[PDB]
Amino acid sequence: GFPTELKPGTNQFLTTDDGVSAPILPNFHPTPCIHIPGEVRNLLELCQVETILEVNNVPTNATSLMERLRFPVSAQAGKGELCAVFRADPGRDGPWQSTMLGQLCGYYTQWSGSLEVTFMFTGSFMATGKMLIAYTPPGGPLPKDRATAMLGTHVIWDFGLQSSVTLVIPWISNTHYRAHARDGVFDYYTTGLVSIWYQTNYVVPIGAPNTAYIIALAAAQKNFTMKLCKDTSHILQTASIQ
Amino acid sequence: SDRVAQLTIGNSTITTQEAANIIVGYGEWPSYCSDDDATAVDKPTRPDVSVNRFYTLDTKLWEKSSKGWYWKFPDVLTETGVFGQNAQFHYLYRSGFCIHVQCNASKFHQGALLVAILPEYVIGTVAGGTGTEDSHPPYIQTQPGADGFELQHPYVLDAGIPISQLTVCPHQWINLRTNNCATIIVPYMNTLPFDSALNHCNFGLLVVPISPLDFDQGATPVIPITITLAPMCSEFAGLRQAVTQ
Amino acid sequence: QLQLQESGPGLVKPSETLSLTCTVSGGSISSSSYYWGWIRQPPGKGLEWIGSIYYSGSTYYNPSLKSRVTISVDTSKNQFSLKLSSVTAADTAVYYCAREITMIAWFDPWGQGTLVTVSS
Amino acid sequence: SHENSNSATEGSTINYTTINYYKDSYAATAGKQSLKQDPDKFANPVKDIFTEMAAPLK
Amino acid sequence: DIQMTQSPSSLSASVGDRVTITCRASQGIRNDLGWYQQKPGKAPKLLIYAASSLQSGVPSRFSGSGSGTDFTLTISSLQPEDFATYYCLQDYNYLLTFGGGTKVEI
Amino acid sequence: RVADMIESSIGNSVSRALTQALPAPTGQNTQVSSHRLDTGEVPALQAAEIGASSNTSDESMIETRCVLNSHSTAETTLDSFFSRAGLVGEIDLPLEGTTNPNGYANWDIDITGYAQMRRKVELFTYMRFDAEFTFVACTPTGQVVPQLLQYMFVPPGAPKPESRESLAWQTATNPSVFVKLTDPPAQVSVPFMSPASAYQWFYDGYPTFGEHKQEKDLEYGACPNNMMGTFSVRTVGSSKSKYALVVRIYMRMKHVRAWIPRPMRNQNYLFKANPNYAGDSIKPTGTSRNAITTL
Ligand SMILES: CCCCCCCCCCCCC/C=C/[C@H](O)[C@H](N)CO
């Protein structure tokens with residue numbers, strides 16, 4: 001027949017290979033596809049949806065797990081006190097593991113684009129207050145006080161009729177993509193630190209609770225992308241399925 | 001203009017003043033099955049005024065230590081009114097919903113309350129805690145009717161999945177400082193054009209307080225949460241005698 | 001910076017009128033964001049807050065000691081005083097006067113501390 | 001092109017580019033899926049749209 | 001009166017170890033708790049207020065966590081100068097109550 | 001003349017789509033932005049209670065330069081995320097023991113037997129795809145032996161083989177594949193065979209009518225539209241095989257269409273086709289730190 005030569009790689013089974021296979025059912029037609037709501041064409045559509053960020057990932061008791069979804073804001077001494085801090089890299093262990101963005105980043109090696117964290121104040125209507133939400137790019141340590149944090153990117157949030165603010169964490173990287181940051185040399189890929197400080201005090205009248213809670217919801221912007229799909233080191237089942 | 005709203009359908013009207021926008025789940029309004037999508041040949045039944053209307057199911061009490069509750073749609077209406085009668089006489093049912101959750105409090109009450117629609121909300125038991133029992137939830141827990149069911153482990157949504165990502169589905173928040181109601185319009189979400197209203201629950205409504213309710217002694221201690229819902233574009237086919245299960 | 005240094009008799013035999021006087025130095029007692037509290041600590045035991053006074057005269061007493069104590073403030077000399085009536089053996093302790101911010105569980109700065117024993 | 005359209009994506013308002021060596025379409029390659037995107041279906045499913053600059057609640 | 005229970009009532013650790021002391025109230029104050037340190041024979045020193053705020057001058061190795069019923073004070077690296085008795089103070093309904101007090105010694 | 005019967009006069013059946021898909025081959029560019037000292041227009045303040053995600057952008061929060069972003073979104077498509085073969089089945093044909101001892105085995109088809117592929121597919125409620133199944137047969141040590149195997153796909157209702165001598169192995173109409181273990185892995189493509197428009201990994205309901213007693217609770221969540229038959233494997237011969245065999249079954253999806261994204265599993269899987277989880281060992285989604293104020 002036609003002369004041919006077999007090259008290296010024959011008989012191998014590459015799992016990511018996209019080729020033609022022999023159909024088992026000739027002349028088979030599938031059930032027609034009706035219209036179903038909520039079709040997904042790209043995973044990025046899910047990355048641009050806000051999901052709760054577990055900034056308060058301190059408790060672990062099975063009864064206090066729901067306390068991870070919000071963190072407290074209380075009346076302070078009016079000295080620019082620190083409220084909360086977390087890392088801004090979504091593929092790392094920590095708060096971002098609670099978000100759909102974090103879980104999807106778990107399946108991809110490299111990411112790029114600006115992030116966005118929306119904080120919602122869930123306190124009383126009579127409660128007023130101002131916060132400073134600061135993003136500190138890489139290299140700079142965790143700010144010791146509000147004056148040091150004010151030197152990075154930051155927004156000043158005023159509690160009011162609009163009960164939510166957005167902090168846009170801009171894409172400030174030396175590389176075009178970032179591998180997931182990790183302890184060790186891969187800390188080279190760290191995004192920075194998001195801190196929350198008291199701009200003014202948390203003020204309430206008589207009869208209103210002295211402590212409220214903030215709920216954080218993270219998501220990706222529209223310049224966000226991921227690449228080099230892999231397997232997640234996020235759940236790692238430790239048994240077999242019966 | 002965007003906080004005051006009126007939802008009028010059938011012979012029912014809901015007026016709200018401290019409201020957020022309206023969410024149209026997945027960006028689609030409920031509609032009737034088209035001739036190309038349909039497969040069943042008998043002509044459907046479209047009451048459209050006696051079934052497509054707001055029903056108030058029942059009221060929960062939001063306390064400072066509430067886990068949260070869930071309802072199953074269309075199971076909540078399988079015994080209420082002309083819609084319940086239609087769903088019992090006909091084998092095949094189809095409709096979207098307009099859910100309206102109501103919770104009002106003073107300007108000195110605080111607390112947040114996630115309201116979510118989870119399609120195909122399957123319930124998982126604790127597997128005997130140790131994870132050895134191949135246990136399944138009882139019938140009352142899978143289809144709790146119009147009384148709902150109080151969640152046991154809201155963090156995993158009684159199904160092993162995190163509540164924190166539940167905002168990926170059509171949802172709103174009831175933040176007592178901002179609004180007192182949440183409105184979600186859900187189309188018919190199913191891999192079939194019609195289906196049974198007694199065997200299959202198209203989706204589940206979840207109401208989970210993410211931020212606990214709080215207030216000072218002297219304020220009203222009883223904060224009710226009322227669920228109202230309107231079927232939309234209701235269609236019934238496959239007429240037979242009435243059945244409840 | 002602010003400093004507190006209280007004075008009072010060291011020996012107060014039973015049924016006497018135990019009286020202290022806490023003076024504020026390096027600052028003003030007439031500040032609207034601070035209360036002035038008295039803390040009692042029995043020897044070798046824990047602390048126990050007695051009561052707080054506001055520079056306008058408003059008071060917040062310990063329910064265990066709401067009737068047997070009197071906390072007063074003199075804004076003219078920048079002082080406040082505690083007076084205990086019907087003293088008993090369970091009253092001897094070391095007393096401190098502290099500056100307080102309400103609703104934050106704040107007590108800073110404190111005094112040097114004055115220890116009084118009930119004896120004859 | 002006399003191969004029957006058996007693929008799971010026949011129609012779908014999309015245009016693939018697949019390689020096939022059989023009369024059944026579902027045995028073809030994956031191809032290049034269309035790079036469309038509808039994010040507002042989940043990010044902003046509000047009946048009444050509002051601009052970024054405007055206050056959402058008025 | 002709502003009474004706070006602390007755990008443990010005493011401790012013995014080494015330098016450079018993490019010392020955790022818990023203080024949990026019967027009811028919810030939700031931030032109205034502070035942590036005070038006291039050296040033998042000296043006035044209490046304010047470590048933490050609002051259960052999370054580090055008092056200016058207190059080293060960052062002291063950390064307060066939690067809200068509601070349970071609160072936690074942690075020393076990330078116990079120091080020889082950190083031998084003292086630590087109390088939790090709740091201020092709810094404008095009535096302040098101290099905890100049992102735990103004597104941390106090396 | 002009746003006015004209201006004419007007013008509607010039509011079932012629109014349109015499913016009015018508030019949104020449409022636009023071409024997004026790459027992430028959007030960044031435009032130049034300068035300072036804005038204004039009133040009334042505050043892009044940073046949101047209302048998370050409306051249930052929408054923030055429409056705020058970089059250009060309104062900071063002063064940005066013009067970045068021409070040419071980063072492709074191709075790899076986050078469904079055909080790039082699911083077209084990867086992963087282990088979905090493992091069958092044993094040993095020589096001694098209590099599992100498939102008689103030189104044949106039946107494996108009811110289901111993706112939910114292994115954690116990785118299961119968790120990847122649980123991300124969506126509904127999926128419609130064409131499968132590509134690959135069979136890798138060897139010994140428990142991985143040795144390749146000269147043995148002939150028959151794989152038969154038995155759709156629902158067809159007779160399942162009860163012995164390796166069973167007449168069902170004649171495969172007059174059932175699809176079958178004969179492979180020597182020394183040959184490459186056996187690769188076939190399967191169409192979308194469900195009676196419904198898509199497979200659903202979550203079916204909130206019962207398959208049958210009637211009273212739902214505890215003794216039938218296992219019928220909860222069982223979707224017959226997902227039961228696509230069984231995969232039966234035998235050693236082709238009238239005598240017991242002399243080699244202990246293991247068959248690993250991998251599947252990669254293609255022509256994928258997904259609907260209704262769901263929260264991703266964050267608990268260990270216990271059983272197949274149910275969300276059961278250990279109630280006494282519930283764990284947080286991620287790691288936990290000592291204090292909210294410290295890293
Ligand atoms: C000659 C051997 C051919 C092998 C036949 C394999 C047929 C596979 C059936 C089609 C693919 C099924 C994909 C998953 C469907 C359902 O969701 C699962 N069974 C339930 O989890």
Side-chain angles (χ1 to χ4, degrees), chain A residues 52-59 67-88 94-95 117-124 127-136 141-150 152-159 163-167 169 192-204 209-218, chain B residues 110 112 211, chain C residues 101 103-106, chain E residues 30-35 47-56 58 60 62-68 71-72 74, chain F residues 289-295:
Chain A
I52 304 175
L53 191 72
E54 286 182 8
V55 173
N56 183 37
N57 58 331
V58 174
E67 294 181 8
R68 295 168 144 259
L69 309 179
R70 77 301 183 279
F71 49 106
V73 164
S74 177
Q76 305 291 337
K79 301 173 69 177
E81 299 80 0
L82 179 137
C83 189
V85 302
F86 55 97
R87 300 184 198 270
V117 182
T118 310
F119 300 98
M120 185 172 59
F121 181 60
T122 65
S124 177
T128 62
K130 283 163 178 286
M131 317 299 292
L132 192 159
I133 304 164
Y135 167 69
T136 298
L142 171 58
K144 47 165 162 291
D145 59 2
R146 193 185 66 198
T148 309
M150 151 277 292
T153 307
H154 68 84
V155 58
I156 298 174
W157 180 19
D158 188 17
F159 306 164
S163 57
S164 305
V165 85
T166 299
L167 170 76
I169 297 164
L193 312 174
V194 172
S195 297
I196 298 158
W197 317 76
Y198 286 86
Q199 190 68 352
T200 61
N201 194 30
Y202 169 92
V203 183
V204 284
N210 310 132
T211 310
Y213 294 93
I214 295 179
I215 300 177
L217 311 126
Chain B
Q110 73 190 17
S211 189
Chain C
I101 300 177
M103 301 173 151
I104 319 188
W106 176 296
Chain E
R30 318 144 310 181
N31 257 122
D32 303 325
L33 191 144
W35 297 92
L47 307 167
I48 305 296
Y49 55 94
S52 175
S53 305
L54 186 70
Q55 173 60 358
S56 186
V58 183
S60 184
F62 292 92
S63 179
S65 296
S67 289
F71 301 76
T72 309
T74 64
Chain F
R289 67 186 190 269
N290 172 67
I292 198 183
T293 56
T294 62
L295 295 174

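A note on names: the letters A, B, ... follow the listed sequences, proteins ahead of strands, and every chain is numbered from 1. Below, each value reflects all heavy atoms present in this structure, side chains not excepted, and no hydrogens, waters or symmetry copies.
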Exercise. Could you tell me whether a side-chain N or O of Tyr135(A) sits under 3.5 Å from a main-chain N or O of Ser195(A), the two making a donor and an acceptor?
Key: no
Self-check item: Flag side-chain contact, heavy atom, 4.5 Å: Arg289(F) against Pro95(A)
Solution: yes
Quiz item: Can you check whether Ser124(A)'s main-chain N or O pairs, donor with acceptor, with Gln110(B)'s side chain at less than 3.5 Å?
Solution: yes
Exercise. Answer yes if the side chains of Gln76(A) and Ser53(E) hold a donor-acceptor pair under 3.5 Å, and no otherwise.
Key: yes
Quiz item: Among all residues two or more places apart in sequence or in another chain, which pass the ring-ring contact (aromatic ring centres under 6.0 Å, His included) test with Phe159(A)?
Solution: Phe121(A), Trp157(A)
Practice problem: Determine whether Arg30(E) and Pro72(A) make a side-chain contact, defined as any pair of heavy atoms from C-beta on separated by less than 4.5 Å. | Solution: no
Quiz item: Just wondering, do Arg87(A) and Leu295(F) contact through their side chains at under 4.5 Å, heavy atoms?
Solution: yes
Exercise. Report yes if the side chains of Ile214(A) and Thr122(A) come closer than 4.5 Å at any heavy-atom pair, otherwise no.
Key: no
Quiz prompt | Inter-residue atom distance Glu67(A).CD - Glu54(A).CD, 0.5 Å rounding | solution = 11.5 Å
Quiz prompt | Side chains of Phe119(A) and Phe71(A) in contact at under 4.5 Å (non-hydrogen atoms) | solution = yes
Practice problem: Flag the pair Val117(A) / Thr166(A) as yes when at least one side-chain heavy-atom distance between them is below 4.5 Å, and no otherwise. | Solution: no
Quiz item: So, do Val204(A) and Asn210(A) sit near enough that their side-chain heavy atoms are less than 4.5 Å apart?
Solution: yes
Quiz item: Quick one: does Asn31(E)'s side chain have a donor or acceptor within less than 3.5 Å of a partner on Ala50(E)'s backbone?
Solution: yes
Quiz item: Quick one: does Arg68(A)'s side chain have a donor or acceptor within less than 3.5 Å of a partner on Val55(A)'s backbone?
Solution: no
Quiz item: Distance-only, no hydrogens or angles: does the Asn56(A) side chain make a donor-acceptor pair with backbone N or O of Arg70(A) under 3.5 Å?
Solution: yes
Quiz item: Knowing that exactly one of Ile169(A), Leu53(A), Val85(A) qualifies, which makes a side-chain contact (heavy atoms from CB on, under 4.5 Å) with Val194(A)?
Solution: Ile169(A)
Self-check item: Whether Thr200(A) side chain and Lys130(A) backbone form a donor-acceptor pair below 3.5 Å
Solution: yes
